[PDB]
Structures are given as C-alpha cells and as structure tokens.
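**Q** This one is an experimental structure. Sequence first:
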Amino acid sequence: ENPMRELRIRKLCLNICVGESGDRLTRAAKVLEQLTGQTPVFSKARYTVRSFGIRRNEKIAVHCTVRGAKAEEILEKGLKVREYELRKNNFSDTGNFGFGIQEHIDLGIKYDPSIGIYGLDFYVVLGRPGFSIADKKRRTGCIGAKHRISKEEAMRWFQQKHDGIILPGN
Amino acid sequence: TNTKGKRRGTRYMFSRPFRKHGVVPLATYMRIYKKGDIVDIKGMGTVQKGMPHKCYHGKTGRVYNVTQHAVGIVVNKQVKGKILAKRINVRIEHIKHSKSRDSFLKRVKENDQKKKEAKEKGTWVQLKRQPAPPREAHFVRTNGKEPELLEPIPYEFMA
Amino acid sequence: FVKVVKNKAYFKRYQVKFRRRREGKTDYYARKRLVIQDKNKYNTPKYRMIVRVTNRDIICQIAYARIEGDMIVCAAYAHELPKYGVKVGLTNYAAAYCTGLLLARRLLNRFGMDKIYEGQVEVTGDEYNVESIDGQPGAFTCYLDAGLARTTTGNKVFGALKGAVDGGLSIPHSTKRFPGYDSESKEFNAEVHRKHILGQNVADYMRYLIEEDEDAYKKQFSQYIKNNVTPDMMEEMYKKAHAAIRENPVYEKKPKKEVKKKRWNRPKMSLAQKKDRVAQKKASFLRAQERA
Amino acid sequence: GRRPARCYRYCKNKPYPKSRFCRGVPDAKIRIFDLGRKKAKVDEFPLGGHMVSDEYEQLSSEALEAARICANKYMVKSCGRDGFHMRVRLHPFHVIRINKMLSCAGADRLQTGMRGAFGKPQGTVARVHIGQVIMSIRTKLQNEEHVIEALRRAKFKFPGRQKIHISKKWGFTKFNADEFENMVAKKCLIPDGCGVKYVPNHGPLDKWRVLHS
Amino acid sequence: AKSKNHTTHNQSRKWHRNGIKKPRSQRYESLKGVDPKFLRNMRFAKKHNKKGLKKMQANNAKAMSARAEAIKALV
RNA sequence: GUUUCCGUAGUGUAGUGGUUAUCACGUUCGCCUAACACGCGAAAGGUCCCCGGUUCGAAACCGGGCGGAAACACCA
RNA sequence: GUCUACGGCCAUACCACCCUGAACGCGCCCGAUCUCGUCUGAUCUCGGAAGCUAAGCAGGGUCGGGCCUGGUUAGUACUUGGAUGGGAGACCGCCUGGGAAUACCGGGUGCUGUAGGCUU
RNA sequence: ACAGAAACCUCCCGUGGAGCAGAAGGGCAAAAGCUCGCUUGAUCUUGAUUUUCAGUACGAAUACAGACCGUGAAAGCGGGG
RNA sequence: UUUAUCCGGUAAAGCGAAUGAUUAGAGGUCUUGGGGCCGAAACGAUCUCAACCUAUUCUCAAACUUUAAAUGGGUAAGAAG
Ligand SMILES: [Mg+2]
Ligand SMILES: [Mg+2]
Ligand SMILES: [Mg+2]
Ligand SMILES: [Mg+2]
Ligand SMILES: [Mg+2]
Ligand SMILES: [Mg+2]
Ligand SMILES: [Mg+2]
Ligand SMILES: [Mg+2]
Ligand SMILES: [Mg+2]
C-alpha cells in the first residue's frame, strides 16, 4: 500500500534526426505533426561537423514532447512495433527508458512516395507526483533520496502495465 | 619604468577575500552616512562604479558630501612631503564606519557622567586615561611544593 | 566508475549561496534596487508593499527596511476575509483586491488618514492614482514588490496593488498589466477589469460549467456549491466587502493563553550519548562475531 | 658542456620553475629518484638511513645522478640487488641560466658586451636548506654499515658538506620505529606497499567494521 | 654617456626637513564641492532666516525669564 | 649569435579572402607499333614541415619550434 | 514548541546519507471557463480543492565529509633593532623586542529582527 | 535508429572547471553567463573631483546638478560599450 | 611612545585547501588501449605498458594560495568638544 508514488509518465520525447536541413527535414516535421497533433520544434546544430555535412546553426532534427494521455496513446502504438519487449540496458540509471523504431509507417501511418520513411527516437521520462519540485521557480528543490525512480523500479514499471519480457544479454 | 594605469598592483587588493564572491550583502548599503562621520575606505572588486583608488585603499577620512549612492570624503594623502587633504567621491560599497573614534565617545559619555555624579559629593575622580603602570608589589605563593626544576635538554639531531 | 566530482575539494571550495537564495525566495539584486534608500535621506525609510500569493492564502503587507531586518508596519492576509462576508475562493485575483484594499485601510486608519485619500469607491477598474491634498498630511506611498512572480498581465500581485491603490496608497502602477489590457492594440476594456475585480471570471466559469455537465461542477468547486454561494450573487458579496472592509479595517487579534506547553519535536542528543553509541556498538559488533 | 658547479653553487636568485614563463629548458639530467626493490613492504625492511645537507646551497641535476649511481653500486655488493631501496628527494627543478657564452669569432669585433644580459636555460638544479634530506635508503636492520658507507661515497659527488644520519622512523614512514609493532597490532597503522596509512578514530563506523572483523 | 635612472635617496631628509605639515584645517571649510541641490536649498534656508526672528526674540526672552526664574527659584 | 626567405602529389613548382587544391612531369591500364619510342583514351597519389592558440572552420590567421636556404657582423 | 510572511548577519547554515510530521500554514495535488504563457497548461497565469506527508520543508540521526572554533606543532619557522660575535665562504651563534602556518589531537553545528498563526 | 572519441534528443551530477570582442590581470550566476522586445542614456548643458601631478595640460575616469528621453507593473537603471 | 581602531598581502607555510608542476609505491578490466605470453577466440588466466582516477606518499612554484607573521601606513585620543 503506497499513497501517491504512482510511477507515471511525465513525458514522451520524439526526435527525428536527419543531418540535412530544408527538405528531407521539413517533411519529417509533418510526421510528428501527424502522429502527435502539435507543431514540432526544429532543433539546430550545436556546431559544424565535416564528415557529416552539417554546419553550426544549420537545422538538422525536428522534435516533440507529448504528455498527458496522448503520451500513453503514442507509447502504446509505439511499443507494439517492438511487440511489448525491450532490453535490459534501456532501463536507465535515473529511471527513464528508451526504445527506438526504424520506420514511421508501422505506427498506423500512411506512406506517400514523396514523404519516405524516417523512423524516430522514442524516449520517456517516468516521474511521480512531486517531481515538478525541481522544475518550478519559487521554492525550488531536489527530489529526495527515495522518490527517485531507480533503474529496477522503472523496469518492473514497464513489466506491469505493458507486460513486456525485457530480454537480458546486453 | 612601469605603467601608470589606475588599477595596477590591485590584482590582489581589490580581489574579494574568500567565498564571498557574489551578492554584496545589503546592509553595507543601508547604513547611513552623514557629514562629519569618519569613514575607512576599502576598495572592492564586485562593484567597479565609484571605486576609490589604491593610493587610498585603506585610509580614513571624514565625510563632507552625501549623494544618492556615494559619499564625498576628505582624506589625507602623502606626496613627497606636503600631505594633501583631498576629496574623493567614493561609492558606498567601498566604505565603512571606522570604529577608530568609538573608543572615545564611550570614554566621553563615561567622563561627563562620572563628572556630573561625584559633583554632589565633590570627590575628585580620575578622568584622564593613564598608561599601564609598573605592576605593584605583590606576593606569590607556592604552598606545599618547591618549584619544578628545568634543565636545558640535551641536543640530539632529529631530522 | 568516474572521477568523484564531489571531492573534499568540492566542499572546501564550495562557497554557499546566500540563505534566502537556497530556500529560493528572494530577488536581492532587485531587493537591492527596491529597498535601499538614497543617501540624500540617511534615516527616512522606503516602504514597499509586499504581495506574494501563496497557493491557499494571499499575503499582503507594507514593509520598510532596517539593518536588523525589514520591519512590517501593516499586514493583511486573505484568510481574514470570512469576517467581511467572503467565505471562499480566496486565493483568486478578485480577493487579492479585497486583501490589498484591506491593507490600504488598515494602514490608513493609523497616522489618522481613514478620513482622507479614500481612493475610488464604487470601483471602475481604471486609472485611479491618489493625488495628495495640500495643507493636509501628504499621501502614503510604496514601490510594489512582486517577489518572483512572472508578472504577466492578469496576475494577482499587481492586481492586489489595484486594491491598495483603490484603497488610497500612492503606488506607481501602470495599467499595462491589469486584466483588460489588449496586447495587440494597447488600451483597456476596463469593463473587463469590472469583471476581473468582482469575480465574473469565476461566475462565467461557474456558468459555462453547469449547463454542460454536472459532477464537474461540485468536483471543480464544491465549496462554491457548499456555503450556498452561486453566480449572480458573487458580484454582490464582493461589493459588501469593499464596503465592509472600508467601514472597519482594524484588526482586533484573538487573545491567546492556554498551552500546557509540551515538547514534541525531538531534542539534540548530548555529547556523551553519541560518545557511547560508539562504544555501545563495537561491543554489540565485537561480541557478535567473537562467536560466529 | 657547462661551467663548473662553482658558478651556480649558491642560491642567489628566486626560483625559476620550468613553466610558461621560461621555456626551452633542457630536460633534467636525473630521472629516477628511486631504485632497488620499490616493490617492498614496510614490515620487512627496517632502516631509514638518510643523507642530510648542512648548508644553504644549490645542487646540480648531474651531481644527483652521480650521487645516486655510486650508492646503487656499493649497495649491490653489500646487500644484493633485492636487499635495499634508494630514494632521492630533490628533483632539480628551479632552472639555472647562462648568458649565451659571449660568443665571438677569432679576434672578433662586436659582442655588444652587456645588452640583453638575460641568458637562456642551461640546466636544472635543486634548492637545498640545512637539515634537509637529499637521499634516503632502506634495508634490513642487519645491514646498517652498508647504508652508511653508500651514502658516504655519495657525499663525494656533491659540494659543500652534509651529514649521514640514521632515522628513528619505520624506514620511509614518519612513524617512530620504537612504536610500529604495537601501532600495527591494533591497527592505528595499516600496510600499504612502501608506506602505511594512519587510520584515526574519526570516520564512519563501517570503515572500522572492516578491520577488527 | 649613461647615468642614474632615479633614486629616492637623501630625500626623506628634504620633503621632511621643513616638516610635513598635516594640513592646517580651519573650522568653517568651504561648501564648494557639495551637490548643488543642497546649496540651491540651504541658501533658501539661510536667506529666509530673518523672516521668523520676531518669534525667535520673544521665544528667547521667554526661556531667559523662565531661566532667570529657574536660577532665582533655586535662590 | 642576429636579420630575412621558403617548405603543398613520387619530383620541380602554382594557388585562395577562412568552405574549395593544382599544373607539368612521373607512374598504373588500355591503343595504336612486329617491338620499342611518339601519339590517343582511362586512371591513383599528399595532416599543404612539426606544433599549441584563434575561429563555424586553418593548408592558408597568431605564438613556439624543427629542416633547408640567403644577408650583415663597419672606427680602431 | 513550532510554523508562515517578510527578514539581518551569510556553512556552527553546506553536502552526504538515516530516522519522525500532532495543527495551521507552509507544500505536494486537480483542471484550463477566463487572464496569461507554452511544441507540449513540462515551467508561468489563472480557477480550484478530489487525495497524502511519497518528497521540501520542518523536526530529529551519523566515532559521516565540510565549515566554525580550541589545543598541539611551538615559543618552532620567520623577524625590528643590536654588536670590532663565529665562520675562507654559504651561512651560523648570541643580545633586545615581536612572533606565524600544516600535518596531529579536541569541542560545536546556524544564531536572532518585525508582522502574524497553531499547540485554544 | 541509422548515430561510430563528435550530429539529434532526455534524465542525473555539475561553485563554478564555461562564459563574459582582447594581454593579462582583477569582476561576474533564479548575474555581468546565454535568448528575445524596445530602443537610442553613444542625446543636449553648467559646474565639482580622481588619475597621471608641478598637483600644469591632454587622455581616461568618479561623483553630483539641469534639460529631453528608453526601459521597465514599477524601484531604479541608463549620458556609449 | 602608548590605547582604541582600521588598512595592508611580503618572510614562513601549504600544497592530503584552488592552480600549476612531480616522485613513488598500494588501488582500480574505472577507462581504455597498444604489445606480449598462455589462449581459434573469449573483462578467459597471466603477464605488460598506456592513460585515467580511490585511498596514499616524495618534492616544488616569481608570472599560485587555504593560511599567514615580523617590520610598516591611515585615523582617533574633545571648547572647533
Ligand atoms: Mg525583475
Ligand atoms: Mg497542470
Ligand atoms: Mg514530506
Ligand atoms: Mg516523510
Ligand atoms: Mg566532520
Ligand atoms: Mg655600529
Ligand atoms: Mg536579468
Ligand atoms: Mg540627469
Ligand atoms: Mg605582491
């Protein structure tokens, strides 16, 4: 019997990196738009890199943060493609997790022969009531010792709701 | 020959001491200065506007002005003989109340008080200070010991 | 492994911030610029009206700043307002008015000025700005203190201000942030401040919610149902308050004496009592494993 | 090569550490300020024989080299190759200077005499105060004589004057020899290769829990 | 044709022989240097003093006859 | 010692202002030739001397150095 | 006893971890009718009040790191004046005064300013 | 995910190790670091002082005062950096 | 010359307090490596050397400093109070 340590999803982050700019990026923005239903933020280059074809302050990726129920509704319909199974080393040291997909169509999406197939990074920030203590402005603070989601609490999170196997071996 | 620049040799004066790098505690500009009050200059890095300068870092002078956030202050500065009583316009941050005067004031308040009293007696009280006299004949006593014998101790080479 | 960031060195060199910083409560730079009084004044104070909307209760108080610790001359909270016929919804912009109004009048009862610079009475929601009367005690003034509230248009803070201005303090306030300013035009409606002052925000939420769905009413505001408060009524609770406050602002306290006075913290352990616990162990340990 | 040590025997100048400020320093002659069985233990190797300066002087890097070597040669013989440690405790380190030799050709014509007098880096030297150690050695308690004389020969690569002294500490620790066996047997002191950790009645109790366990 | 490039040698001797006079400070030093808005004002204070002398004189004689009465009531 | 100047493909040498690198020669492969030359088509090849700094970035802009070069070293 | 609001001096206050929260507040919380702010009501604004001290905070704990004192090192190092002191010289000795710092041992762990609660 | 010592994202730590056109030097954090909105306080005008000192200039600075303004809910802050 | 009171960053010290150098061992697949040697290969065994860092230790800094003297520099010790 726990009061409100309802381990629950604070956010779902969708990034679509594509070291290009212009088209091949601008189209990727419509995928997140379509999938989420919110205008995604264009990221840009921290600084220039030569082997890559990217330049400081050039646009590269496009990314979103999805939250509330519509996070649940894209995590579910996310893993599904990864048939409710992940690996041991994605359950991270701070109680977050991450599962990437290969192709954006597999999430109930229509392919246009123009708008190709850019998968995406899904990651999710598990939280808990009273995790906004840090992020607020007045009377900020830190989140206890417990109240911090350990790797192994984030594991049997994912194992008792999406009921995945979480297969070992790296 | 060296550079005349206003802040030479200040590398390690104006430098704030330790673990005080930051917000200037507010008290230090919410105590009141007023003309006649004697004040010790003490330059400070943090604020650079209205700085004094090294040739009077650590001097004292009386105040002759008071502007919105600064204090015009008359200080004596020695210069190949002729000392010059001269006036500068230092921002509050670099200034304190010297407690120099404040032994006297407490000595005055006591003497006027001790003179008004013991006037109804007419007994003459020792008002002036007086330097530390020679320590008076006292006795000592050991009780039931002789004193302890010292010997200088034999040198051996430690390393 | 990694390098341990938090060495001995981390803590030999870590220089604390500056207490009311750690707690995270105070612009001091900005307290600096608010508070410290010019030195063409030496003693005379600088008053600031302090408003921080908490979360349950709005606190407003006039303070002046001394070297031992800023002294509060007058303090008016929101949880007083039951006295003045306002039971509920008392961290709400319209109650910050009454609170700030209270404050202005609890102050102005002292230095005997409740008979002058009343400010606006019927309430409009405009420029009211007090003009000191000649041959009288000149009006009171203070430079509003927001604290840490991102002061966008509509926020309660500079709204409670409107209360203390309306109540007869001469604060420099502009109108650019009162709920009503149009940020694509640059005027008032002012008749939006009408509402915004008297809580027909809350009335019209108490009416969009009700006809759509029941039991979101009651959930969203139970105590707005309980205490037999309604819309329509609302406007004419508050108007009894900015009247009732103004006929009697003064605080009467409540006298206090009883407490038995038990000590139900926990105390500091004395030296010897730590001194043994290590000697108490190490005899619990030694004994335990001189065996198995 | 270099002027004779004479001319840079004495500390006149303020330390010139090799740094940003002087650069192009020829690498110090000496490189190993310890040899023998530096893989020793504290508990098997009990004789902190010392060589100590009696004068405020400078010692060249190249003297230290010789001083070391000639003590590695006599010890070995004496004890064998395994049967000591030698430590030099003056890594030369303020940098010494040379006006650039007043170079001229034949009869010559112009040197400029003194302009830009400031020299260049020549080498490196140690500062040495009185009663300060230069070299130290450890062996078995057995083998005192064979330390004595090894440092004795080293004195002769080496200007001024300096006493050979035998210490009161466990070999290379600071802990006064009359006292280890006790301080170890009860664990004020815990073995740590060459040296030893002094462990006090200070830290968390679970640190202790590991000992006396 | 080289030479000396300073010294501050006998010197102490000189700028000291005649003394080093700690500047002779009068009472009533000049108000030049002070913020004009002081003086702008304290001159209206100083100028309109005499306006208010009738009070001053009578109010003096009140205290003088009250303290002629205080010292005489002691007698 | 001090004052200049260079260093870039296997070699001789261009080149830019801070996005990019050449020529000729050499060489590898075909062709033509009975076979070599010559001629004609294809080709691959350096951290732009070693460095640290600045900068989006340096072969190129600073500072240090290392190798190769040049020029002075006048009154006695 | 204790808290809140505003505070002073800024670690005896920090940090790391362990323990407990009666009431009021202080918090966590619930939502987007409006104001307002976002990619996202994640932060700010606002309207609330269905839960729980999960954390902050507060209260406590650690032969806990740190900071703050004491001791010790040590009358050591260093130094004002002093000598027709020693010493080939480096340097060293004394006389008259002043007199540090580490390692190593101890103790402590924030004091209070105004306004207002609660324990009636 | 592709993604590798380096693209992109998210959590944690992060007293200051960045950053603050430059030599260093001093200064700096819900700043003086970074991002955006609004702009001309780089504006007009007397005087006082500091610094270089002879306590002469220039340059550079500090305090005030008078106008006219930007900014900000406002206190102030701002006469180049 | 005292007594108050500021000011002060040199000698010394420390560097198990920041920066900068630097010896040594215990310790650590931290990392990682590049070589071995035993291993097809295997954080497999054992070596080894790099680099890092966990407790340590040697020795230093004019263009370092937690500390930090001696000698020194302001004021003040009243009728102008
Ligand atoms: Mg602000
Ligand atoms: Mg919300
Ligand atoms: Mg709690
Ligand atoms: Mg709890
Ligand atoms: Mg401790
Ligand atoms: Mg003599
Ligand atoms: Mg700011
Ligand atoms: Mg002006
Ligand atoms: Mg100096």
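**A** Noted; the coordinates are in hand. Numbers count the residues shown, from 1 in each chain, chains lettered A, B, ... in the order given. Ligands and ions are numbered 1, 2, ... in the order given.

**Q** Look up how far RNA strand I lies from residue D:80.
**A** Between residue D:80 and RNA strand I the computed distance is 19 Å (CB to the nearest atom of the strand, to the nearest Å). For every residue, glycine as well, the C-beta is placed using N, CA and C.

**Q** So what touches the longest helix seen in chain D?
**A** Longest helix in chain D by number of residues (criterion: DSSP state H): helix D:61-74. Contacts of helix D:61-74 from elsewhere in the structure, counted by CB atoms under 8 Å, 6 or more residues apart in numbering or on different chains, are D:2, D:5, D:28-30, D:32-33, D:35-36, D:86, D:88, D:90, D:92, D:123-126, D:134-135, D:137, D:146, D:149-151, D:153-154, D:156-159.

**Q** Now, these that are in helices?
**A** For these, the ones inside helices are D:146, D:149-151, D:153-154, with DSSP H as the criterion.

**Q** Can you tell me which of the residues you listed are buried?
**A** Listed as buried from these are D:146, D:150-151, D:154; burial here means 16 or more other CB atoms under 10 Å in any protein chain shown.

**Q** ok, of those residues, which one's closest to chain E?
**A** Each of these was scored against chain E by CB to the nearest CB, and residue D:154 proved nearest at 48.0 Å.

**Q** That closest one: what's it in contact with?
**A** Residues in contact with residue D:154, defined by CB under 8 Å, 6+ apart, are D:51, D:67-68, D:70-71, D:135.

**Q** mind running it again at 6 Å?
**A** D:67, D:70-71 (CB atoms under 6 Å, 6 or more residues apart in numbering or on different chains).

**Q** for residue A:64, same thing?
**A** Shown in contact with residue A:64 (CB under 6 Å, 6+ apart): A:14, A:32, A:36, A:40.

**Q** Give me the three-state assignment for the most centrally placed residue in chain A.
**A** Averaging the C-alpha coordinates of chain A gives a centre point, and the residue nearest to it by CA atoms, centre = their mean is residue A:123 (2.5 Å). Recorded secondary structure, residue A:123: strand (DSSP: H, G, I helix; E, B strand; the rest coil).

**Q** Looks like it contacts residue A:98 (just checking).
**A** Yes: contact status for residue A:123 versus residue A:98: in contact at 4.2 Å, counting by CB atoms under 6 Å.

**Q** in the stretch 151-292 of chain C, which spans are helices?
**A** Counting by DSSP state H, counting those that start in this stretch, one finds helices in the stretch 151-292 of chain C at the ranges C:156-166, C:191-198, C:200-211, C:222-225, C:235-247, C:271-280, C:285-289.

**Q** Tell me how far the first one lies from the chain's centre.
**A** To tie it back to what came earlier, the one meant is helix C:156-166. 11 Å (CA atoms, centre = their mean, to the nearest Å).

**Q** got the angle for that helix vs helix C:235-247?
**A** 60 degrees (axes from the mean of the first three to the mean of the last three CA atoms, to 10 degrees).

**Q** Outside of helix C:156-166 itself, which residues are in contact with it?
**A** C:49, C:51, C:53, C:60, C:93, C:96-97, C:99-101, C:103-104, C:119-120, C:128, C:144, C:146, C:149, C:151, C:171, C:173, C:177.

**Q** hmm, 7 Å instead?
**A** Contact with helix C:156-166 is made by C:49, C:51, C:53, C:58, C:60, C:93, C:96-101, C:103-104, C:119-120, C:123, C:128, C:144, C:146, C:149, C:151, C:171, C:173, C:177-178, as judged by CB atoms under 7 Å, 6 or more residues apart in numbering or on different chains.

**Q** hang on, the earlier thing: contacts only, for the residue nearest to the centre of chain A.
**A** Under the contact definition (CB under 7 Å, 6+ apart), the residues listed for residue A:123 are A:13, A:96, A:98.

**Q** which among these end up buried?
**A** For these, burial is judged from neighbour counts taken by 16+ other CB under 10 Å, and it is met by A:13, A:96.

**Q** In the stretch 1-150 of chain C, what residue lies closest to RNA strand F?
**A** residue C:3 (20.9 Å; CB to the nearest atom of the strand).

**Q** Counting neighbours, what do you get for that residue?
**A** Other residues within reach of residue C:3 by the criterion other CB atoms under 10 Å in any protein chain shown amount to 5.

**Q** That one looks like it's in a helix, true?
**A** No: when three-state DSSP is applied, residue C:3 is found to be coil, with no helix at that position.

**Q** how close does residue B:107 sit to RNA strand G?
**A** Taking CB to the nearest atom of the strand as the criterion, residue B:107 is separated from RNA strand G by 25 Å.

**Q** Off-centre distance for the helix or strand containing that residue?
**A** Assigned by DSSP states H and E, residue B:107 falls within helix B:106-116. Between the centre of helix B:106-116 and the centre of its chain there are 23 Å (CA atoms, centre = their mean).

**Q** Would you mind naming what in chain B lies close to chain E?
**A** B:64-65, B:67, B:72, B:76, B:80-81, B:83-85, B:87 (CB under 7 Å from any CB of the partner chain).

**Q** List buried residues within the residues you listed.
**A** Among these, the ones that count as buried by 16+ other CB under 10 Å are B:64-65, B:67, B:72.

**Q** Could you pick out which of those residues are located in helices?
**A** In this view, these have no member that belongs to helices under DSSP H.

**Q** which among the residues you listed gets closest to RNA strand H?
**A** The shortest separation between RNA strand H and any of those is 3.4 Å, and it belongs to residue B:67 (by CB to the nearest atom of the strand).

**Q** Residue C:206 is in contact with residue C:220, correct?
**A** No: under the contact definition of CB atoms under 7 Å, residue C:220 does not touch residue C:206, with a separation of 9.1 Å.

**Q** out of those two, which sits in the busier spot?
**A** Neighbour comparison, residue C:220 and residue C:206: the larger count goes to residue C:206, with 22 against 12 (by other CB under 10 Å).

**Q** got the contact list for that one?
**A** Taking CB under 7 Å, 6+ apart as the contact definition, residue C:206 lies against C:224, C:231.

**Q** Contacts only, for the residue nearest to residue A:155 when sequence neighbours are not counted.
**A** Across the structure, with CB to CB, 6 or more residues apart in numbering or on different chains as the measure, the residue nearest residue A:155 apart from its sequence neighbours is residue A:91 (4.6 Å). Under the criterion of CB under 7 Å, 6+ apart, the neighbours of residue A:91 are A:97, A:151, A:154-155.

**Q** Mind checking which of those residues are in helices?
**A** In helices, defined here by DSSP H, the members of those are A:151, A:154-155.

**Q** Could you say whether residue 61 sits in a helix, a strand or coil?
**A** Using chain A here. Reduced to three states by three-state DSSP, residue A:61 is strand.

**Q** ok, it touching residue A:13?
**A** No: with contacts defined as CB under 7 Å, residue A:61 does not count as touching residue A:13, sitting 11.4 Å away.

**Q** What's the separation between the residue nearest in space to the middle of chain D and residue D:59?
**A** By CA atoms, centre = their mean, chain D has its centre lying nearest to residue D:89, at 2.0 Å. Relative to residue D:59, residue D:89 is positioned 11 Å away (CB to CB, to the nearest Å).

**Q** Same check on residue D:96?
**A** Residue D:96 sits 11 Å away from residue D:59, taking CB to CB as the criterion.

**Q** so what's in contact with those two at the same time?
**A** Here residue D:96 and residue D:59 have residue D:125 as joint contacts, going by CB under 7 Å, 6+ apart.

**Q** Between the two, which is the more surrounded one?
**A** With neighbours defined as other CB under 10 Å, residue D:96 and residue D:59 compare such that residue D:59 has more, 24 against 21.

**Q** How about chain A: which residue is closest to chain C?
**A** In chain A, the residue found nearest to chain C is residue A:140; the distance is 4.7 Å by CB to the nearest CB.
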